[PDB]
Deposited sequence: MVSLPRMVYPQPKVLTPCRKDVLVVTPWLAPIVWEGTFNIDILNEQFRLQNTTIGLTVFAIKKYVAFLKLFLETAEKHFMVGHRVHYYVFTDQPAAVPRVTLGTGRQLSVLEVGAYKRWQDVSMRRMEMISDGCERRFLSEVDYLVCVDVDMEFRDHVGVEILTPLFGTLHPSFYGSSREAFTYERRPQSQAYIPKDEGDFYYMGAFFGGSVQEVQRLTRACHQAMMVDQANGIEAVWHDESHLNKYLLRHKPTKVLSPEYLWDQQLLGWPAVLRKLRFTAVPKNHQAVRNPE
């Protein structure tokens, strides 16, 4: 492979590492051949969780189809579809080493954290996403790490005072005006099973405290996710390549790939 050269940065237009030395994942920063070998040597299994409740079942066909094309191809994958309509889950043909479980429900942080023992035995990493999305390009093992969040596409160019963190100190999700690294979106986070269970258990515990005190954070679990990732910093951060809306935001030059996007 091309020899990296220490005096020629690959990307000079974007921050590629956080101040706590976590990689920020952009096209041009990783050699996927290297990463694939590292992960295949450990026989890595990746769990992907998606909620499809009521009308949202309609998004599953395109979500699954495009995950088969782009999501961890070559690696073991276990999709977990949480739904109130098990009969509505479309039968999508899967590649080898890939499987799908339907988990009938009848919220997300709770549901992710009481499926606890099942995830620990079955997968090495968990990735938690929204269902009303599609994969358009590679999303692979470059994202994998103990704990990751994703830069919210509307706020990656913003100053922190503008971040819509929870601002009331009455809420467990409270973050002062002068604190904050990034604004992560709730739609794409993950990590090792142990770290995701820690995060979702914390967020759930914090939501219950707010509920008992008669307050809902301004953006619900995303507020708590942001407070958690402030205090427990992620070991990788995904760039907005990993969570985009072309309809609302276009295709800026800074995004060399649009990998996982909102459905119009």
Inset, instruction - Residue ranges with no C-alpha coordinates, please: along the deposited sequence, counted from 1, in order. - result: 1 to 8, 115 to 124, 132, 284 to 293
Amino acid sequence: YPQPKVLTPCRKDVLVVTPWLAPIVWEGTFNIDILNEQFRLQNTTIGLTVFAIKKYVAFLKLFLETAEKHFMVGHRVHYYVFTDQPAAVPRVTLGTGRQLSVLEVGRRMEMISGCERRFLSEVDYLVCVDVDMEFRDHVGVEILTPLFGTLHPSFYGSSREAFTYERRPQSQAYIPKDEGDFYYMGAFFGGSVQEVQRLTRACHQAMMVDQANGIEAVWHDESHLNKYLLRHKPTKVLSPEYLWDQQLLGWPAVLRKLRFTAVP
From here on, numbers count along this sequence of modelled residues.
Inset, instruction - May I ask whether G114 is missing from the deposited models in at least a third of the other compared entries? - result: yes
Inset, instruction - Going by the average Cα B-factor in the PDB entry, point out whether 183 to 191 or 143 to 151 comes out higher. - result: 183 to 191
Legend entry - Per the entry, higher mean C-alpha B factor between 220 to 228 and 192 to 200: 220 to 228
Inset, instruction - Name the residue from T83, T93, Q170, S101 with the greatest C-alpha temperature factor listed in the entry. - result: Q170
Inset, instruction - Identify, among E116, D124, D137, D132, the residue whose C-alpha carries the highest B-factor in the deposited PDB entry. - result: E116
Inset, instruction - Determine, from the deposited record, the chain-internal third of the Cα B-factor for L64: lowest, middle or highest. - result: middle
Inset, instruction - Compare the C-alpha B factor of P9 with those of the other modelled residues in its chain, then answer lowest, middle or highest third. - result: highest
Legend entry - Position of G28 among the chain's modelled residues by C-alpha B-factor, lowest, middle or highest third: middle
Legend entry - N36, C-alpha B-factor rank within chain (lowest, middle or highest third): lowest
Legend entry - Modelled-residue ranking by C-alpha temperature factor, third containing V237: lowest
